[PDB]
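The structure appears below as structure tokens.
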Amino acid sequence: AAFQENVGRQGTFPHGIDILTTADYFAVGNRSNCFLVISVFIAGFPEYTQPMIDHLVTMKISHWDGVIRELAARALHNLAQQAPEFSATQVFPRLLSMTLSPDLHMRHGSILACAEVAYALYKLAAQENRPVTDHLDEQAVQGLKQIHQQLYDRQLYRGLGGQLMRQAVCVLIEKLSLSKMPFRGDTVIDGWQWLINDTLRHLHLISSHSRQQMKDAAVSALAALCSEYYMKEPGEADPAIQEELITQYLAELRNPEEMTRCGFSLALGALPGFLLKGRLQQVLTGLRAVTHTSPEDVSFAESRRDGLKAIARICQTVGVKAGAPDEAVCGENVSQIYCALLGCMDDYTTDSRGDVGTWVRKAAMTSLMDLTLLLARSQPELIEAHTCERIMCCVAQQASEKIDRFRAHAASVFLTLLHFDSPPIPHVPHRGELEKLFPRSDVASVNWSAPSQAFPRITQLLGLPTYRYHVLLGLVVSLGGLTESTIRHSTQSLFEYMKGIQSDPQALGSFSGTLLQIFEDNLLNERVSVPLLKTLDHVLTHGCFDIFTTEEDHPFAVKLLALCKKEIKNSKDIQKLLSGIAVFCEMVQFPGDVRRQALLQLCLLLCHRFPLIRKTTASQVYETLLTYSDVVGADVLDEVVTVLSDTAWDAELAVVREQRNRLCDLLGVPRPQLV
Amino acid sequence: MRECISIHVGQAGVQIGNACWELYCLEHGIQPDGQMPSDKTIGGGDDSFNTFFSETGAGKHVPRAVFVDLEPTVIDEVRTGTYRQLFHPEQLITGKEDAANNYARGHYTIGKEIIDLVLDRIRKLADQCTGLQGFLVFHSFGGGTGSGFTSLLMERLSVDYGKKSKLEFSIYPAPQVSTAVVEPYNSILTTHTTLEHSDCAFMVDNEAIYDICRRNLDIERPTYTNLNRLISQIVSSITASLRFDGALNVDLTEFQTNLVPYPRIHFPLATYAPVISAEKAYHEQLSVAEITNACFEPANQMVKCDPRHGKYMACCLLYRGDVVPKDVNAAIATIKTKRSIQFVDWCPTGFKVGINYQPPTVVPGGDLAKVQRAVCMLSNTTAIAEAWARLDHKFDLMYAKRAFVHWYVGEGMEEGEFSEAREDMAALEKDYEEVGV
Amino acid sequence: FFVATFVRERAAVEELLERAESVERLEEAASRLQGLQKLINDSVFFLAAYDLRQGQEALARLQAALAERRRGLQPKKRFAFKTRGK
Amino acid sequence: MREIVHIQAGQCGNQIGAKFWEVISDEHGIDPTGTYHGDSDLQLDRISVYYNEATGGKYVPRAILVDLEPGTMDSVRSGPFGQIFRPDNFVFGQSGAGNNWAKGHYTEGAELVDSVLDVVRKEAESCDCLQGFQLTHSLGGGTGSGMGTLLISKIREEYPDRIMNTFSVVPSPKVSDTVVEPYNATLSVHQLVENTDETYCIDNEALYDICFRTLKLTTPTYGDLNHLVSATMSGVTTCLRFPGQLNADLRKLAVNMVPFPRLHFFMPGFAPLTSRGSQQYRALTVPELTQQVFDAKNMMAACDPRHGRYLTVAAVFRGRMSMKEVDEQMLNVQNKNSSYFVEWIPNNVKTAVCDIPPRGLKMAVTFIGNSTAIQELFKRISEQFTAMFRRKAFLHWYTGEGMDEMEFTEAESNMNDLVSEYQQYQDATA
Amino acid sequence: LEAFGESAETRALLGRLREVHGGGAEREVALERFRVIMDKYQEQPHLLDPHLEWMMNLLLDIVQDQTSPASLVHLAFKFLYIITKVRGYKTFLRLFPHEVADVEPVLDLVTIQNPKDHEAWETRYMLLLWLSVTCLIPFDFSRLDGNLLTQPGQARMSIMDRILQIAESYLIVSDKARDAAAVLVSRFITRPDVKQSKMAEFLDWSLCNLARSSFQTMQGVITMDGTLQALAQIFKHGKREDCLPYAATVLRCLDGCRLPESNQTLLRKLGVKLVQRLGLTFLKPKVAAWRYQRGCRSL
Ligand SMILES: Nc1nc2c(ncn2[C@@H]2O[C@H](COP(=O)(O)OP(=O)(O)OP(=O)(O)O)[C@@H](O)[C@H]2O)c(=O)[nH]1
Ligand SMILES: Nc1nc2c(ncn2[C@@H]2O[C@H](COP(=O)(O)OP(=O)(O)OP(=O)(O)O)[C@@H](O)[C@H]2O)c(=O)[nH]1
Ligand SMILES: [Mg+2]
Ligand SMILES: [Mg+2]
């Protein structure tokens with residue numbers, strides 16, 4: 001406003017109209033624009049090139065906030081292409097003297113400014129078929145080759161303050177290696193290698209809050225340095241340098257520290273393709289073991305994440321090539337990668353924190369998303385049918401968990417692998433039905449993270465026999481959770497879907513079988529067993545399997561009773577016991593010998609070890625007796641209900657065993673023995 | 001002649017020290033003001049009761065206590081109480097900010113600001129003594145201040161007075177009286193910090209005192225007032241040898257030599273009997289064999305353990321009343337012939353008998369009756385280790401989920417301290433188990 | 001060590017101010033306050049909150065004392081027009 | 001630590017703040033004039049925690065009325081107890097923030113925060129030892145959210161070691177009809193998890209459902225909403241205004257109710273439920289009160305405790321009763337309803353008794369819980385936020401005031417990671 | 001926004017105050033809706049100028065009706081105060097009635113007000129402002145009073161004395177009405193006839209209140225604030241040659257109130273404000289000779 005007033009009332013400000021039309025009440029609102037866009041426009045004139053850069057170098061770069069320092073560095077970078085001489089002759093030497101000051105923030109800002117100036121000068125020289133050494137005189141080359149060395153001489157890399165110097169040195173090394181410097185064959189490269197290696201060998205000593213950053217800043221710096229200096233000829237590298245790096249990194253993937261494992265895993269996924277040629281199978285076999293789970297590596301969930309991240313990263317570097325197992329993705333190594341990727345899917349780890357496995361199950365979902373797609377853009381024939389079907393089944397299964405965050409990523413991955421038409425995927429079970437159920441037009445406006453806008457759509461996949469089992473397993477494990485909205489939306493979608501198959505017998509004879517196979521598939525797992533019993537209880541209480549109740553001794557209930565006997569027997573937690581007592585009193589409705597067996601099991605559970613379980617079983621038995629009909633004959637139901645309501649189930653066992661025996665005798669059920 | 005210097009820090013520590021001093025003067029006849037009519041020598045001090053009291057040239061019998069609190073609350077009660085004329089203004093130190101149940105906030109933050117003040121008071125008081133035995137510190141594991149400032153003071157004393165004993169009377173946490181969920185962390189921390197700085201520390205299971213008050217005394221809701229009156233009696237009975245002309249545990253080193261064979265195994269088990277209510281005072285008088293048999297009952301034990309399962313390393317008993325040595329010997333022989341008391345193979349298996357002809361004493365209007373004879377049995381039993389076992393159950397379930405750990409990280413305390421304390425506790429448990437072989 | 005040196009410098013500044021009778025006394029005293037502030041603002045990346053609050057309170061008290069000393073030793077005269085200066 | 005400064009931003013915050021002050025004054029016997037006229041020494045044993053002593057033995061409040069417009073500032077000053085406050089404790093502007101978080105956090109708020117930090121340091125200067133802060137604002141309104149979250153950040157940057165507690169009032173489409181309230185709510189959360197230490201969740205949908213279905217009201221008004229919010233505030237702060245050993249200070253309450261830095265959202269509950277102009281002669285027993293306080297209907301948030309797991313529970317019983325019966329009832333409730341309690345934080349249910357029941361009720365009960373079910377209160381916000389942000393609707397109001405989509409992305413990410421952590425901790429060792 | 005869109009809704013809400021005044025079930029909802037509709041123009045009150053004339057006519061016809069109960073007139077006073085705080089009193093009271101016949105009725109209303117009724121403070125506030133609007137008439141109060149000795153013994157109190165008593169009684173209340181009184185002080189004590197008969201008295205009372213008030217009690221502070229506001233209004237809206245003969249005496253009492261050492265920030269501001277108005281009374285206003293040659297009025 002002051003500038004506008006001075007330009008309107010005096011008209012003596014150089015380039016008042018220009019700096020007034022670009023910088024106004026609206027354009028000035030954004031700080032990034034003011035520091036990068038508007039800044040360059042205002043500095044384009046010779047009346048604002050020197051003072052602006054001076055203020056940026058003697059104040060903004062030495063701010064007390066990292067964000068302001070980075071913004072000033074980016075501003076200087078953008079303003080380094082409007083003044084190459086001034087940036088390489090008065091500001092660069094000005095920064096070389098400040099990089100050695102005692103202040104930490106000042107040193108960091110000066111290092112960032114020097115790196116940005118070097119990058120800008122290199123970019124400017126690249127557009128004139130000239131080297132970068134022309135602008136950066138011998139003086140500049142010397143100081144830049146003394147930033148990392150001098151810092152190590154004062155053990156400045158130690159401590160919290162030393163972490164920021166380490167990050168600054170990593171960024172400087174990355175910039176220098178990307179700008180192509182004449183540092184090939186010097187001790188500076190050996191010193192840089194050492195610092196990068198130390199940063200990853202000591203990530204457990206880095207703040208968890210500022211950790212993931214220091215690791216993605218050391219791998220990036222390693223990718224530029226090993227692509228500008230480890231190269232003897234076009235498409236090759238120093239045999240000696242390739243034998244020491246790989247041997248050192250593949251021997252650190254088996255470390256006892258998890259942070260070092262993750263660092264080396266990402267340090268092996270950034271290696272250039274010229275340095276993996278000839279020894280790609282070794283690195284592949286190494287990461288495969290890094291993404292595996294042994295009896296000792298059960299809590300190493302973060303290791304598998306970075307392992308899978310690096311694995312797919314090397315597949316995209318080397319690309320696909322025919323007849324080249326040691327250099328690229330051929331047909332001789334495509335199967336092992338798929339097996340290693342699908343070996344991490346069955347990875348659910350309920351550690352103190354919770355499903356840490358979700359992090360490993362997420363990374364895998366990405367590795368495939370970058371693999372099947374890559375081949376689809378080159379050699380789609382390698383995409384096998386069975387492997388692709390298994391991948392599509394695992395994705396559909398993961399797209400129905402109880403975690404909204406990871407259920408939104410799985411749906412996005414599925415949509416990215418189903419709609420893909422550039423070119424499309426060779427083997428996708430029901431690709432026409434999937435396209436009709438998920439219109440590409442009405443997909444970008446679907447909030448998969450919200451259960452309401454995610455469950456009603458994912459439940460429609462049950463119609464496909466291929467994904468039927470994998471979708472039912474997900475719906476089951478999501479129905480027996482604990483969240484109210486999730487369970488409500490799952491039950492609503494299940495009820496709105498079973499209405500079209502309840503009347504059809506063969507439909508209720510295929511879904512029921514699939515659900516009973518999930519019970520035999522996941523028995524004593526303790527992850528699917530609990531939620532599967534609750535789902536069965538809810539389905540029985542809603543009244544879905546009614547056409548089968550007319551038949552006596554139906555195979556479905558016959559096997560369900562045996563599964564419940566094998567599951568509920570020998571337990572401890574109360575939820576499983578209550579969930580088992582509910583399924584039993586719900587299945588009692590089925591007539592025949594199954595009814596007598598269920599009554600016997602209920603009478604047995606009535607005398608549980610805990611009085612609470614006894615009271616719950618008694619209440620459920622009374623409820624299922626007063627609800628259903630024809631379950632007790634000979635007019636002996638009155639005495640049964642009277643002895644059930646009169647007997648105190650909260651007493652001792654010697655006093656309730658007689659009542660249990662009397663109730664069994666009144667119901668025509670053999671009396672269990674006592675040994 | 002020698003004199004000790006007692007210290008009371010924290011809310012639980014100072015509240016118990018006040019009752020102990022009240023009971024001590026109640027027994028010595030020292031009036032609330034400090035004048036002792038029974039003392040005929042003015043200015044001179046060389047009797048048995050002088051171990052816990054000094055004398056001015058007017059007659060006043062000042063205690064040798066150090067009441068330090070990090071907040072003005074409990075100190076004000078004693079400053080404007082009944083024995084405020086008993087203590088001096090300098091011995092009643094007070095701070096401002098409270099640790100708020102946090103060992104880190106009291107050991108590396110609000111405790112490193114008042115430690116020097118407490119140390120200057122502990123030096124001025126010692127300068128007025130020709131001979132010093134040790135330091136009787138009273139604190140509690142529940143309170144974060146009692147875990148931080150007490151540990152810091154003990155560590156500083158270990159360097160300053162590096163040739164003086166440091167007997168302790170810690171207070172163990174109980175859910176029926178607790179107000180913090182972080183009492184296991186601070187407890188384990190202070191235990192690991194004091195394991196290498198103390199000689200003999202007696203535990204006081206709050207659950208045992210609550211049960212004794214609800215059953216024996218017949219109280220519906222035992223309060224901190226009733227618990228302090230019952231623990232003060234035991235504290236006085238234990239320190240009765242250091243204040244009367246006896247013949248057992250007359251010095252602090254005697255405690256360590258007769259109850260602490262293994263330097264790291266220094267948590268004996270204390271018991272006191274009988275405990276009759278005031279209503280049933282003039283009813284029946286139990287003999288020595290009656291109060292010696294009940295001492296072994298877990299109901300009277302201070303810690304909820306099972307000494308019958310384990311074995312003993314050392315044992316002693318201190319009587320109070322008209323007790324005859326022959327009757328005590330006969331009762332001990334009968335108990336040995338009846339009960340199957342087992343001792344360690346490498347440890348001496350004998351009971352240190354020490355009778356005190358002085359009759360018991362109780363505060364007027366108290367729930368405890370004026371029994372004719374009482375006894376305090378101190379025996380080092382391995383079963384007491386069980387009291388620590390369950391405590392670890394509260395440290396693994398929480399620490400596994402990293403619960404309430406940020407409070408210590410953000411207060412300057414490191415994270416490896418918890419692992420070190422857990423390893424020390426595991427080593428102590430392993431040593432206890434090995435001693436049972 | 002940080003708390004030790006801070007307390008030492010605070011005691012030194014207090015002793016220098018208790019005996020300040022020159023503008024050079026107060027001017028040097030007002031350059032130890034700048035140094036202390038610069039040190040503290042460069043050490044808040046590893047210090048606790050209670051220590052920072054104590055340091056801030058000490059700095060505020062020292063600044064108030066310095067302002068009082070400057071107002072006392074150098075009593076600023078009341079406002080008066082420049083009419084008839086000579 | 002023995003003096004707490006009170007702050008209130010926005011119209012709802014000021015109204016909720018004025019009601020709580022009136023309630024604690026009527027409970028302590030402090031008439032509108034400022035003189036004590038109660039009938040119990042306990043009322044004066046902890047009077048210096050919220051009031052200041054002044055000549056003539058007067059008790060002056062320690063609050064600071066803050067706004068960007070003058071309406072609410074004049075409404076409270078003219079209220080029945082309006083004279084109690086300080087004439088120089090009212091700091092407000094003229095234009096408001098127009099339901100925009102940016103306008104209230106970067107322009108008018110950023111300009112009035114200077115004067116706000118002047119009265120704040122004026123109250124901290126008259127405090128032997130400041131203990132913490134207690135702000136009362138809403139997450140829906142622009143001025144109430146933006147400038148109030150700007151005052152939390154400024155206090156955390158200024159005062160290094162001081163507890164921060166707030167009474168966030170989550171909006172609800174059933175009460176208000178403004179479309180930009182989802183954005184004004186999400187951003188606020190992104191600040192709390194990274195600024196405030198304690199925060200109570202008082203959902204408006206829960207209050208509306210309790211007033212329309214339980215109390216039987218055809219048109220629940222803002223007068224009914226303030227009647228439920230002030231009672232909850234008086235119930236949750238009963239330990240800080242009267243003697244006690246459980247949670248006498250704010251640091252202890254935080255250490256006992258904050259198991260993790262980011263997880264500190266406590267859903268409060270109070271029973272028996274009442275309304276304006278209603279006297280219940282029937283005195284509920286202790287078992288009935290203990291069973292009703294844990295009911296989802298008596299919860300101020302739209303979350304069912306049964307659909308989750310508890311982490312830290314604190315109950316308070318105000319009224320002449322026995323402690324043994326209360327302890328037995330609490331033990332029975334913990335034993336029976338044991339499945340709803342995490343077994344990895346032993347002794348995570350605290351109970352306290354007080355001899356000063358609220359006004360108009362002989363027996364009262366309180367509930368400050370830290371269950372993971374509170375995540376449901378955020379999931380609802382998530383849906384609205386995402387649905388409104390994907391098509392870019394009414395976004396020019398924010399981008400045109402310095403903000404950008406990066407902040408919304410950041411806040412959405414922080415809130416989403418808070419939900420995942422809650423879900424994980426709820427299923428710890430599954 | 002651009003214009004007023006909620007015209008019919010606001011008209012219906014204003015025409016509904018005569019059926020939602022008895023029970024408060026439909027009284028609170030109407031006020032809430034009105035406040036929510038008016039808050040949208042808090043930042044653009046200029047967009048209400050063409051609607052704030054007809055809304056004030058509808059609001060005035062209800063309070064002017066003698067058959068309008070207390071509850072009905074108080075409801076119309078709350079809406080008026082809302083509109084005032086929304087748009088602005090300076091721009092809202094200017095359009096209010098200012099005839100001569102409106103001098104006696106309005107005043108009478110101010111006489112039937114209970115200062116201890118916090119449930120209707122909005123009535124005591126706005127009303128006062130309306131009075132200040134009826135002091136911009138170019139006639140004297142003695143002409144409106146006429147003959148005061150019409151009743152035997154008990155004489156009738158003139159309008160000037162009544163206004164002076166009302167102002168003296170409301171410059172010392174805690175509520176928002178004290179402020180309104182300050183408006184009347186700048187419209188009543190600055191009149192030609194009122195100044196001649198109510199300037200020495202009002203300035204002797206203010207000095208006494210300033211001399212016997214403490215900044216350590218709740219009341220004394222309110223009285224000092226009211227007196228300072230009244231003095232500032234007098235020195236601002238008053239003449240320089242009628243107020244200059246008193247600026248030395250006032251300056252002295254202000255300096256004696258030792259305000260620069262009080263912890264009351266609002267008292268210090270009022271003292272500084274009163275210190276600059278008194279000072280500008282000692283010097284004649286000058287005019288910028290440098291205008292008409294260095295810039296236009298706008299840009
Ligand atoms: N026997 C007994 N236990 C007590 C007493 N006071 C507190 N406790 C217990 O001590 C533990 C807490 O210690 P406190 O003494 O309150 O704490 P503190 O040492 O003052 O610690 P901070 O206030 O945290 O600085 C809990 O287990 C209490 O039940 C008391 O007088 N007697
Ligand atoms: N419970 C309750 N909610 C209220 C109250 N007043 C407003 N709200 C809610 O607060 C939100 C609107 O915020 P306001 O408090 O009006 O906002 P503000 O702080 O005044 O901000 P600006 O309007 O932008 O100046 C909506 O969700 C309202 O329903 C009240 O008295 N009680
Ligand atoms: Mg304490
Ligand atoms: Mg508002």
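Just so you know, ligand 1 is whichever comes first in the structure, and atom 1 is the first atom listed for that ligand. Letters go in sequence order (proteins before strands), and every chain restarts at 1.
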Parallel, tilted or perpendicular for B/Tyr408 and B/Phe418, by the 30°/60° rule?
perpendicular
Taking C-beta and beyond as the side chain, do B/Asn300 and B/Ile212 meet within less than 4.5 Å on heavy atoms?
no
Check B/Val74 against ligand 1 and report side chain, backbone, both or neither, counting heavy atoms closer than 4.0 Å.
neither
Salt-bridge test for B/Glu97 and C/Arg53: reply yes if a basic N is under 4.0 Å from a carboxylate O, no otherwise.
yes
Verify whether the ring centers belonging to B/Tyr172 and B/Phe141 lie closer than 6.0 Å.
no
Can you list the ligand 1 atoms lying under 4.0 Å from a non-hydrogen atom of B/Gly142?
11 (C), 12 (C), 13 (O)
Do any nitrogen or oxygen atoms of B/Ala12 lie less than 3.5 angstrom from nitrogen or oxygen atoms of ligand 1?
yes
Has B/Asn186 got a side-chain atom pairing as donor or acceptor with B/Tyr103's backbone, closer than 3.5 angstrom?
yes
Going by the atom numbers of ligand 1, which of them fall below 4.0 Å from some non-hydrogen atom of B/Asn101?
24 (O)
Residue portion contacting ligand 1 (non-hydrogen atoms closer than 4.0 Å) for B/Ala99
both
Going by atom types only, do D/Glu69 and D/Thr143 share a side-chain donor-acceptor pair under 3.5 Å?
no
Ring center gap for B/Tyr24 and B/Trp21 short of 6.0 angstrom:
yes
Could you list the atoms of ligand 1 found under 4.0 angstrom from a heavy atom of B/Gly10?
19 (O)
Identify which of B/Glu97, D/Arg251, B/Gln15 has a heavy atom lying nearest to atom 31 (O) of ligand 1.
B/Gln15
Give the atom numbers and elements of ligand 1 that come within less than 4.0 Å of a heavy atom of B/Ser140.
10 (O), 13 (O), 15 (O)
Could an N or O of ligand 1 be found under 3.5 Å from any N or O of B/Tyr224, whether backbone or side chain?
yes
Considering non-hydrogen atoms of the protein only, which is the closest contact for atom 13 (O) of ligand 1, and what is the distance?
B/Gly143 N, 2.9 Å
Taking the six-membered ring for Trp and the full ring for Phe, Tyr or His, determine whether the centres of B/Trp388 and B/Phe267 are under 6.0 Å apart.
yes
Heavy-atom nearest neighbour in the protein, as seen from atom 21 (O) of ligand 1, with distance rounded to 0.1 Å
B/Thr145 CG2, 2.8 Å
Nearest non-hydrogen contact with atom 23 (O) of ligand 1 belongs to which option: B/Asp98, B/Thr73, B/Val177?
B/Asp98
What's the spacing between B/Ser236 OG and B/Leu23 CG if we round to 0.5 Å?
4.5 Å
How does D/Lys252 reach ligand 1, by side chain, by backbone, by both or by neither, if only non-hydrogen atoms under 4.0 Å count?
side chain
Non-hydrogen atom of B/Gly106 closer than 4.0 Å to ligand 1
no
Could you list which atoms of ligand 1 come closer than 4.0 Å to a heavy atom of B/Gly146?
19 (O)
Can you tell which part of B/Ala180 has a heavy atom less than 4.0 Å from ligand 1: side chain, backbone, both or neither?
neither
Looking just at side-chain N and O atoms, do D/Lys350 and D/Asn256 make a donor-acceptor pair shorter than 3.5 Å?
no
Euclidean distance, E/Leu47 CG relative to E/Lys40 NZ, rounded to 0.5 Å
12.0 Å
Only heavy atoms of B/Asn228, strictly under 4.0 Å: list the atoms of ligand 1 that pass.
30 (C), 31 (O), 32 (N)
I'd like to check whether B/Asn102 has a polar contact with ligand 1, where a contact means an N/O of the residue lying under 3.5 Å from an N/O of the ligand.
no
So B/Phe67 and B/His8, would you call those rings parallel, tilted or perpendicular, with 30° and 60° as cut-offs?
parallel
For B/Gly144, the atoms of ligand 1 under 4.0 Å from one of its heavy atoms are 21 (O), 24 (O)
Under a 4.0 Å heavy-atom limit, does B/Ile209 contact ligand 1 with its side chain, its backbone, both, or neither?
neither
Please check if any side-chain donor atom of B/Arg221 sits under 3.5 Å from a side-chain acceptor atom of B/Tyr210, or the reverse.
yes
Heavy-atom pairs closer than 4.0 Å: do any link ligand 1 to the side chain of B/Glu183, the backbone, both, or neither?
side chain
Minimum-distance protein heavy atom relative to atom 16 (O) of ligand 1
B/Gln11 NE2, 3.0 Å
No-hydrogen, no-angle side-chain donor-acceptor test under 3.5 Å, D/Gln245 and B/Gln11:
yes
So, is B/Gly13 polar-close to ligand 1, with some N/O to N/O distance under 3.5 Å?
no
B/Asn206 heavy atoms, cut-off 4.0 Å: which ligand 1 atoms fall inside?
1 (N), 3 (N)
